[PDB]
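Only one structure is covered here, and it is reproduced in the block below.
Letters A, B, ... mirror the listed sequences (proteins, then strands); counts begin at 1.
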Amino acid sequence: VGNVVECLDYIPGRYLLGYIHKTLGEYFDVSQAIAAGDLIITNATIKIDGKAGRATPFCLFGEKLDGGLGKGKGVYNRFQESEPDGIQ
RNA sequence: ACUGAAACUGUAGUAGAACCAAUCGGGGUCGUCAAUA
């Protein structure tokens, strides 16, 4: 956007494609696999619990003053929980 | 169903102005000393 580039907080799988070509392209036709769907390289997301971190579900809601996942409390799964009495 | 490329946080700017390390002072001159028996 003009003279600034904003950055993602994950690595998209397309950036690893050139590495997939370089390392494995001699063992199979990588381009053919891509076209056929025989290859998936996922996004690289932050490692949590020793595994790929999973994008925070939008069905989670924080108590606006005192809650949310950053505050570690007052997090409601609105797929399963009614909105509390008097708390936005 | 495929990483954009390429681009010097540089350019100009005197840590300086002001402030006496100074003020006063004849290299001079006279009475004892000591405490017992």
Side-chain angles (χ1 to χ4, degrees):
Chain A
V1 175
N3 69 333
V4 54
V5 180
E6 305 186 39
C7 186
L8 297 173
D9 60 9
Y10 69 94
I11 299 105
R14 85 178 182 268
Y15 293 75
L16 294 175
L17 287 176
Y19 152 86
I20 295 300
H21 284 284
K22 186 163 67 173
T23 58
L24 309 183
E26 62 186 298
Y27 302 132
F28 67 103
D29 188 341
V30 170
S31 296
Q32 183 181 24
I34 289 165
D38 306 349
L39 193 150
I40 293 94
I41 175 56
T42 73
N43 302 340
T45 56
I46 183 163
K47 197 171 186 174
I48 311 172
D49 308 325
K51 308 200 78 71
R54 302 176 295 159
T56 304
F58 293 167
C59 63
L60 302 183
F61 281 67
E63 302 184 4
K64 194 171 289 189
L65 300 183
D66 200 49
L69 284 166
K71 295 194 176 192
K73 67 184 64 76
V75 176
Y76 299 93
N77 180 20
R78 293 302 314 296
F79 283 7
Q80 309 300 342
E81 303 185 85
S82 319
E83 190 175 322
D85 298 344
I87 295 158
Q88 75 285 11

- Task: Kindly check the sign of the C1'-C2'-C3'-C4' torsion at B:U29 and name the resulting pucker, north or south.
- Result: south
- Query: Which way does the sugar of B:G4 pucker, north or south, judged by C1'-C2'-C3'-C4'?
  - Reply: north
Between atom [atom1] in [X] and atom [atom2] in [N], what is the gap in whole Å?
| X | N | atom1 | atom2 | result |
| --- | --- | --- | --- | --- |
| A:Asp29 | B:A1 | CG | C1' | 13 Å |
| A:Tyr15 | B:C2 | OH | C1' | 11 Å |
| A:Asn3 | B:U9 | CG | P | 13 Å |
| A:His21 | B:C2 | NE2 | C1' | 5 Å |
| A:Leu17 | B:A1 | CG | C1' | 9 Å |
| A:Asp38 | B:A1 | CG | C1' | 13 Å |
| A:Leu8 | B:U3 | CG | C1' | 12 Å |
| A:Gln32 | B:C2 | CD | P | 17 Å |

- same_hphob_cluster(A:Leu39, A:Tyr27) at 4.5 Å side-chain heavy-atom cutoff: yes
- Query: How about B:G13 and B:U14: do their bases stack, with centres under 5.5 Å and planes under 30 degrees?
  - Reply: no
- Query: Taking the P atom of each, how far is B:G26 from B:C30, in whole Å?
  - Reply: 16 Å
Tell me if [N] is syn or anti. Syn = glycosidic torsion within 90° of 0, anti otherwise.
| N | answer |
| --- | --- |
| B:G13 | anti |
| B:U14 | syn |
| B:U9 | syn |
| B:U32 | syn |

